[PDB]
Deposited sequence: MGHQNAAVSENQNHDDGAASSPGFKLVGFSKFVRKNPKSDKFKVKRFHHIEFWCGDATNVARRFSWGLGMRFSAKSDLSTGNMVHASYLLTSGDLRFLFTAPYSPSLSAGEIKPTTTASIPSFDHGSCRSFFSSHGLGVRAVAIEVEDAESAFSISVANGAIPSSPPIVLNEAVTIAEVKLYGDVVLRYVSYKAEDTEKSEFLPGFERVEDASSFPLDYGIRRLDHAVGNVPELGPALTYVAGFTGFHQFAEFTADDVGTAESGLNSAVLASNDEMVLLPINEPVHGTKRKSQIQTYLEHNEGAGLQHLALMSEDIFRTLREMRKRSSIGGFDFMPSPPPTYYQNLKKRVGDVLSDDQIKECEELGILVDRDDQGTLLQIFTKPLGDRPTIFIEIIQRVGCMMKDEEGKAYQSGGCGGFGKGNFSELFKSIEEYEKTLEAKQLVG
């Protein structure tokens, strides 16, 4: 008889709602956005460039359900008319030169961005962009998260001002619906948790080689922000190639992971994304004894064909798989997950974040 007790102080210092968007910073946003669109199955739904009147930066929005990926690249400084107020030309090129293609801003929806900005800075956060109202409708603010990644606060009053809608009859959809969590890599986890939880009030989400991890969650546990430190270690290899702290991977949730994985693997060799090598077959015959009450044998058979990892915790089950690095550097990659269980409308973090797969993947290799 085992029981796992979880505690949630709900110590959020301001009102946080949901993940808003993710802003990649590119050198040329057109080719990065068009490739992520075909590989992930995300629709071209908004733009802010020369064709809209923007002479400062080219920004393209891909949407799949609620998930929103923004791809921003700077124009020539000799051409303000920008839509993103915090965008500085020198920062973007310096960001790309030292880190490569990576995530710049992790945006979350708050009831009020300036209040969220004032409480954060008063609780240790280093500011990055002041609260700025746009067309008397949207307010944006940015604070330092880690390295050159910023935590962005978005608030409404009822995509963004300056963006034009894009409607086409393409329409790409592989099943992915929202962003589940965003993980970062830092040298020292202690000072990072002290910092981030210090100004957000996020509580630590309990759990259950080469890394130490901890998950900061919001009151509703829908905004999840894990952080990794190295202890060979893939975390250290990230810090070497990214040159300091940075976002490690974006965990993307889909309403069907089998539908998504089928679409993404078909396109791996024709512009999409490739995946890590699959587990040995002993991993998948040892599944009916581990998760035989949640997945049928056909569904176990579907994971074996698509290289899907399955792990279990105190209350749910997590199907997951990882892609290869998205760009040149062995840095940012994508995680595709589907959470099963915890229906009360579903609890955030249902099934965990796949820590148990480290022991289970190892265990299955000695048998094979």
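- Residues of the deposited sequence lacking C-alpha coordinates fall in the stretches 1-28, 108-115, 195-201, 214-215, 254-262, 286-290, 404-410, 435-445, numbered from 1.
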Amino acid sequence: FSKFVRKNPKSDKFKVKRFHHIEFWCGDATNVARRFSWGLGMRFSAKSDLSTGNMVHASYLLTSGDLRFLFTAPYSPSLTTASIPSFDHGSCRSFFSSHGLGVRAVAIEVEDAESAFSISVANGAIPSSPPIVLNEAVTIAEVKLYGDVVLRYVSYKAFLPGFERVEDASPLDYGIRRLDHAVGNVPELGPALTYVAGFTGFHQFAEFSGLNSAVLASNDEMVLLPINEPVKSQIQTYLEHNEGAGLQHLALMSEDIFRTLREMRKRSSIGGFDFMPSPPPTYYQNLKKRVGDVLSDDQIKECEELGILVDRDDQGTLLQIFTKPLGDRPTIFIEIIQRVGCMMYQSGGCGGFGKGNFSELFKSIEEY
From here on, numbers count along this sequence of modelled residues.
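Rigid core (definition): largest C-alpha set, two forms, superposition within 1.5 Å.
- After superposing on the rigid core, the larger RMS C-alpha deviation in 8 other deposited structures of this protein belongs to 159-167, the other candidate being whichever of 159-167 and 69-77 remains.
- Remark: stretch with higher mean C-alpha B factor among 310-318 and 331-339 is 310-318.
- Between 269-277 and 282-290, the higher mean Cα B-factor belongs to 282-290.
- Which of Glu221, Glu240, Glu263, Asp180 has the largest Cα B-factor in the deposited entry comes down to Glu221.
- The PDB entry gives the largest Cα B-factor of the residues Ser120, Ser296, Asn212, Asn185 to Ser120.
- Residue-level temperature factors show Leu62 in the lowest third of its chain, judged at the C-alpha atom.
- Residue-level temperature factors show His249 in the lowest third of its chain, judged at the C-alpha atom.
- Per the PDB record, residue ranking by Cα B-factor puts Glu142 in the highest third of the chain.
- Sorting the modelled residues of the chain by their CA temperature factor places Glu229 in the lowest third.
- Ranked by Cα temperature factor within the chain, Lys10 sits in the middle third according to the deposited record.
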